[PDB]
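What follows is a single structure, written as structure tokens, with notes after it.
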Amino acid sequence: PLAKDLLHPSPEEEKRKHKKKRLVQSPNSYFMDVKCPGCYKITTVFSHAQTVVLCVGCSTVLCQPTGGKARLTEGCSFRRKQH
Amino acid sequence: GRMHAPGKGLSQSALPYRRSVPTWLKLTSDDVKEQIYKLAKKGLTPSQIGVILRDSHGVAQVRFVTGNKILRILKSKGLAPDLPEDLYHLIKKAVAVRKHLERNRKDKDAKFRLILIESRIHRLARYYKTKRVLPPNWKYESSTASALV
Amino acid sequence: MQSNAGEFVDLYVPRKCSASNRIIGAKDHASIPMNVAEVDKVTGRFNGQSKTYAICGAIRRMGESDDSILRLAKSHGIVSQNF
Amino acid sequence: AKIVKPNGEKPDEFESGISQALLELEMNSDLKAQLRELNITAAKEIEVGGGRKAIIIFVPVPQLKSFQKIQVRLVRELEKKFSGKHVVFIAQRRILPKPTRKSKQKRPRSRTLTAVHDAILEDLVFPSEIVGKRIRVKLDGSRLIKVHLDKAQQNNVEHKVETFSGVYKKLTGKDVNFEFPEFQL
Amino acid sequence: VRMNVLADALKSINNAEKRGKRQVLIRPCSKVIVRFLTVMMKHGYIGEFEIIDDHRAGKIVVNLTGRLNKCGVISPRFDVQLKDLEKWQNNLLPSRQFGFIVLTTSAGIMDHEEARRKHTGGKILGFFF
RNA sequence: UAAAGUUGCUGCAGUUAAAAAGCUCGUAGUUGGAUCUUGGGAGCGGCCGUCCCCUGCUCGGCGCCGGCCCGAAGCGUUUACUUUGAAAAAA
């Protein structure tokens, strides 16, 4: 295909492409409102956490570090937040 | 590509276009700076401070919340260590390899990887001397490199 | 191709590919001037007037000749903008 | 009044009348404690395209962030006090010329032409933050900046787009269009 | 590493023209890249391009026509007096009828023909025909 | 000397014709990312093209009731670059 609209790519194409290689450089990570069932409050966890995220006074461990997107403990709900 | 490896990796972070603080984050610049001072005094590095912050305190960048970056915040109060933390970790790695070579004289690949870490230290050493954050009469001395943890 | 007086001096004005704007040599034997028939929009019949698109051999062996005619017909109101 | 010019010169009754209007919003309305400390430098009225007028109120830079917390609510009161006018807030940013061969300290990049022109553009739109700049260079050489604004606070700010073009056109001389990209965020 | 940014950009739009692409992305945006392109645009060789600001070095998308035969850089930026400019346009342009040699002068980045008018030599950036 | 693009700055070669160090580090050498003045005010010709402008602080002359308008010497980042000027024996 000769005539590609490089000005205006479809969102499907930029969601596919590497974060650095997009028309405008955009991260694939995000922050998320995470809450454990014991404690009241909601901690903001980073998707690719890479640390053992504890709640206040260690009510429980929330997020265990992995290769990429860090796994949340079984019983901990999350909502990804945007602006 | 990499400095002392044939690797040609494209693994860096990608900051978002918008430099604005988000809606959800209510933390004042002072509160973040007071938390940075609480983390730095606990025996932590600007690399580690930035991680511990952006994991469990929902802070994208310190430079976006505050006006300034983390080593500059430690420096302005007087908590930043004498020699930079990236040159610290290279010297620390070099000491650990040169400690490994005290028993394993046959390990020619460790000796080769030492000459690479040596070369990276001398290369930062000369950089930090041009930017005047190291004194010019400083030297990576393998005798007194073990003296510096 | 005027001289100083204004006389058109070269012996023929060569065609030029409608896709790439690259001139078509006297011996580019893979060229194609394709005539697309027009329509009386109420009836749907051949008028007698037709649109003429030229393509150089280079694009034809490149395999981009169909997508070029597709854009040229869409950019002529023949093919639907929707498509 | 709250009209505090840096020079030793008086305003017109226009700018003092705006400072009177913000003294009325201090003394009468609820937002009094968050307007005592807040002060205003200058203001202007410009003819924007069509049969509309655009009113622009300049602000000191260090108090601008305190004005950012009280922007849209205070715009509402000025939107119902001046009937058929769009009110917008720019920080009066001091600008230094390029140090030439002919012509003292280092010129800070905050006080430069581009940083101020981009900070003015950032502050024209408080409810919407800028999501992408696309500078078209047209066939005659003349530029056209295309600011892509957020889908959040679209309807709140979309009517002021026709104003914003004219307000930026006056201060910089840069013909700017504003769009709303749908597909990223 | 990347050293001449203008070089990368000109070769990139050259390789895009040769293939017959209608528009090309040139990844690092300089000031010198925009000036070169505006000079090519004013002589009709390219269409209306546009720069893409990420809060870094920007990108440019250029709308290519099929008019640009070649677009080249000269590295290093040799320093050209008015006397020498004829000997550069003799060995770097196809004809004396068309083709241009863009050079950064004190006046600004412009073609050899405007450099002759203004009576100002400067450093050669590249050429296009 | 040209021919010799068979010494290659212009301008050559190095998979197999002669040719890339066994490999890596490395000091001189060489080359080094983006980014810091722009929009205008004024006139002529038939929207466009050329022209005028975007630093201050001793003595004077278009003068005015110590100041302002104007000129002169001096102070005003460093080069490289380019343009002009001075100067440089003839043959």
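In the structure tokens, the first chain shown is A, the next is B, and so on; residue numbers restart at 1 for each chain, and ligands run from 1 in the order shown.
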Contacts between chain C and chain A, please, where a residue of chain A counts if it comes within 9 Å (with only C-alpha atoms); show its shortest atom pair and distance in Å to one decimal, rows by chain and ascending number, as CSV.
```
residue,atom,partner,partner_atom,distance
A:1,CA,C:64,CA,6.6
A:2,CA,C:64,CA,7.2
A:3,CA,C:68,CA,8.6
```
Residue 32 in chain F environment, 9 Å, only C-alpha atoms (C1' of nucleotides), sequence neighbours closer than 2 positions dropped, as number ranges by chain
E: 1-4
Would you list which chain B residues are within 9 Å of chain D using only C-alpha atoms, as a list in words?
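Using only C-alpha atoms, chain B residues at most 9 Å from chain D: residues 17, 18 and 20 of chain B.
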Those selected residues, please, written with N, CA, C and O atoms and delivered as a CSV table (one decimal), in the first residue's frame.
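File selection-v4.csv, as written:
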```
chain,number,residue,atom,x,y,z
B,17,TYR,N,2.6,12.3,26.4
B,17,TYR,CA,2.6,13.6,25.8
B,17,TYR,C,2.3,14.7,26.9
B,17,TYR,O,3.1,15.6,27.1
B,18,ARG,N,1.2,14.5,27.7
B,18,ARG,CA,0.7,15.5,28.7
B,18,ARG,C,1.6,15.4,29.9
B,18,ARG,O,1.6,14.4,30.6
B,20,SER,N,1.0,17.5,32.5
B,20,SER,CA,0.1,17.9,33.6
B,20,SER,C,0.0,16.8,34.7
B,20,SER,O,-0.1,15.6,34.3
```
Counting only C-alpha atoms, which residues of chain B come no farther than 12 Å from chain E, as number ranges by chain?
B: 1-3, 14-19
Keeping only C-alpha atoms, write the selected residues to a file as a PDB file, in the first residue's frame.
```
ATOM      1  CA  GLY B   1      23.237  -0.435  20.293  1.00  0.00           C
ATOM      2  CA  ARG B   2      24.679  -1.344  23.762  1.00  0.00           C
ATOM      3  CA  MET B   3      28.136   0.002  24.836  1.00  0.00           C
ATOM      4  CA  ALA B  14       7.883   6.201  27.120  1.00  0.00           C
ATOM      5  CA  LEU B  15       6.600   9.324  29.036  1.00  0.00           C
ATOM      6  CA  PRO B  16       3.072  10.426  27.951  1.00  0.00           C
ATOM      7  CA  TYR B  17       2.591  13.649  25.848  1.00  0.00           C
ATOM      8  CA  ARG B  18       0.709  15.491  28.683  1.00  0.00           C
ATOM      9  CA  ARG B  19       3.118  16.745  31.445  1.00  0.00           C
TER      10      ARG B  19
END
```
Using only C-alpha atoms (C1' of nucleotides), which protein or nucleic acid residues come within 9 Å of residue 50 in chain B? Drop anything in the same chain fewer than 5 positions from it, and give the result as a list in words.
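Once the adjacent positions are removed, what remains is residues 36, 45, 55, 59, 61, 62 and 70 of chain B.
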